[PDB]
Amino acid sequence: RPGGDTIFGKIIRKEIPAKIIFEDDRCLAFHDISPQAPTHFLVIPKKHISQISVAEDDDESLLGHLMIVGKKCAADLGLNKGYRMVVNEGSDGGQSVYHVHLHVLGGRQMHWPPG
């Protein structure tokens, strides 16, 4: 099944409901169900890539597209004071869903270090 069978693949195929902000042929943005900030959403590719460490060189445009969609969605959600984008890889990153995705967090002051 296209997109795979992680929760995000199910969300891509509208088999699991999500609060979808934006959708095009390459990606989907939707709100996180355990938000770590007042606004916290995810941008995921529709192509299944399990994690950033295995992305191919020709995935560059798709990965960049996630960030462009992320900043567009942040603007449309009114995050005029800024936001933080996060990609988690593997165990030390805390990755819990092995479908590559971009977190976008805002609506409060983000602190340093970023975890």
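Residue positions are given as counts along the sequence shown, with the first one as 1.
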Mean temperature factor over C-alpha atoms, higher-scoring stretch between 30-38 and 76-84: 76-84
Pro17 by Cα B-factor - lowest, middle or highest third of the modelled chain: highest
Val54 CA temperature factor, ranked by third within the chain: highest
Third of the chain's Cα B-factor distribution that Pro45 belongs to, per the entry: lowest
Chain third (lowest, middle, highest) by recorded CA B-factor, residue given as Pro113: middle
